[PDB]
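> pasting the first bit of my complex, frame unchanged:
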Amino acid sequence: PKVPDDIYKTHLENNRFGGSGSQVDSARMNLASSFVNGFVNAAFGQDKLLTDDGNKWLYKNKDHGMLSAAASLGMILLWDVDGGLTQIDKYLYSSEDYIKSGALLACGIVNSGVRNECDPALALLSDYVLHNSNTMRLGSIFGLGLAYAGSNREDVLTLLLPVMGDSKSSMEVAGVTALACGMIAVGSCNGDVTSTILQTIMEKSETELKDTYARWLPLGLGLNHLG
């Protein structure tokens, strides 16, 4: 498994930011490094940085990085469901909450592209799609949608659809819900999904239509009408 620093190969460039002005584990480049580690070492099932220093690297990130960096592991552990699913447990009960949100999405993202007769990701993320904290719910729903993109199965879709009318959920949760419903049922034009998401997008007001995440809801409709 390659190292993000080695991909940057800072060991050879003239590090003109160094000495005194490099001794900080600042958020942004740490998030970049976590994403690089996820992308480059994706699907190889192993890492040297976030396996041995799994908890330790997480401890030096902050805020939305936890929801990102932990989920990064899921890309490394792609399609070895029993591989990642044995590795996310140490974070499924993490003291940290944001990294718990990242882990709960990594569980689903590991199952992306594969279908299991057991549907393990469905089982794990079913009880957290209505979690009180927005981050937990967001991670659960994103992971579950990724784990079942293109499945078109109506149990997951009927578990997902009530979140549209769930105005108590923050808007980005509704956006992710529409995105998940769209990718789970792609191009099918199924009325059960389509009418519900149409009514969901029909009710929003001016201050809601202009907000950052509403733009995804039409896509959730459009994904159901691909081609």
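Sure, I can see it. Numbers count the residues shown, from 1 in each chain, chains lettered A, B, ... in the order given.

> Count the neighbours of residue A:215 for me.
Other residues near residue A:215 come to 11 when the count uses other CB atoms under 10 Å. Yep, even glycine has a C-beta here, placed from its N, CA and C like the rest.

> let me fix that: residue A:100
Using other CB under 10 Å, residue A:100 has 25 other residues around it.

> That one contacts residue A:138, doesn't it?
No. Contact criterion CB atoms under 8 Å: residue A:100 and residue A:138 do not qualify, at 11.4 Å.

> Residue A:117: which element?
Using DSSP states H and E, no element contains residue A:117; it sits outside every helix and strand.

> Would you mind confirming that residue A:92 makes contact with residue A:105?
No. In this structure, residue A:92 is not within contact of residue A:105 by CB under 8 Å, at 11.6 Å.

> Neighbour count for these two, which is higher?
Set residue A:92 next to residue A:105 and count neighbours by other CB under 10 Å: residue A:105 wins out with 30 against 14.

> Check whether the more buried one really touches residue A:145, as I assumed.
No. Between residue A:105 and residue A:145 there is no contact under CB under 8 Å: 9.5 Å.

> buried stuff in stretch A:80-92?
For stretch A:80-92, a neighbour-count test (16 or more other CB atoms under 10 Å) marks A:80, A:81, A:84, A:85, A:87, A:88, A:91 as buried.

> which residues sit in contact with the fifth one?
Looking back up the chat, that one is residue A:87. A:51, A:73, A:77 (CB atoms under 8 Å, 6 or more residues apart in numbering).

> Same question for the first one.
Contacts were defined as CB under 8 Å, 6+ apart; by that measure residue A:80 touches A:45, A:110.

> again, 6 Å this time
residue A:45 (CB atoms under 6 Å, 6 or more residues apart in numbering).

> Residue A:58 too?
Residues counted as contacts of residue A:58 (CB under 6 Å, 6+ apart) are residue A:99.

> while you're at it, add chain B from this line:
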Amino acid sequence: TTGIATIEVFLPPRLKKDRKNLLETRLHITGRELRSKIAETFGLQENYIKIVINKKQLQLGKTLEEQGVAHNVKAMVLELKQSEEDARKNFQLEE
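So, slotting chain B in with the rest:
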């Protein structure tokens, strides 16, 4: 038949065996019992395994009949690096 279910238990490819297996069992039993029996039949650690049932988690303190199991229900067995309580404790001690 006779109030017994043939649960389709799915084991990891890491333990090289038949991916889908049949386990004949009852329904009045509890979660601790199901994890223990899956462990002994397939030679796993009962405290290092988490069973997912009928698209849900095991209700460990609750009985099988209450949590929604029936005949022909799939059950994925999942290993753990620590014990199922230690899966909490290990991180719960490191701040």
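
> Re-run the earlier check on the neighbour count of residue A:100 with chain B in the model.
Counted with other CB atoms under 10 Å in any protein chain shown, residues neighbouring residue A:100 total 26.

> My guess is it contacts residue A:94. True?
Yes. Taking contacts as CB atoms under 6 Å, residue A:100 lies within contact range of residue A:94: 5.0 Å.

> Get me the contact residues on chain B for chain A.
By CB under 6 Å from any CB of the partner chain, the residues of chain B that approach chain A are B:10, B:12, B:14, B:52, B:55-56, B:74, B:76, B:78-81, B:87-88, B:91-92.

> Mark which of those are part of helices, please.
Mapping these onto helices (DSSP state H) picks out B:87, B:88, B:91, B:92.

> Quick check on those: which are buried?
Neighbour-count burial (16 or more other CB atoms under 10 Å in any protein chain shown) is assigned, among these, to B:87, B:88, B:91.

> what about the strands in the chain?
You didn't pick a chain, so chain A it is. Counting by DSSP state E, chain A has no strands at all.

> I was after chain B.
Assigned by DSSP E, chain B shows strands spanning B:5-10, B:20-25, B:49-53, B:56-57, B:74-79.

> Now those in CSV, please, with extra columns for mean neighbour count and distance to residue A:112.
Listed next are the strands of chain B as CSV, based on neighbours: other CB atoms under 10 Å in any protein chain shown; distance: least, CB to CB, whole Å:
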stretch, mean neighbour count, distance to residue A:112
strand B:5-10, 19, 19
strand B:20-25, 13, 22
strand B:49-53, 22, 18
strand B:56-57, 16, 21
strand B:74-79, 21, 17
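
> The ones you listed: which one's closest to residue A:212?
Closest to residue A:212 of these is strand B:56-57 (CB to CB; 33.9 Å).

> List the pairing partners of the closest one within its sheet, with orientation.
Sheet pairing of strand B:56-57 (DSSP bridges) gives strand B:49-53 (antiparallel).

> And for the partner strand, what's in contact with it?
With CB atoms under 6 Å, 6 or more residues apart in numbering or on different chains as the test, strand B:49-53 has contacts from A:120, A:123, B:34, B:35, B:39, B:58, B:69, B:75, B:76, B:77, B:78.
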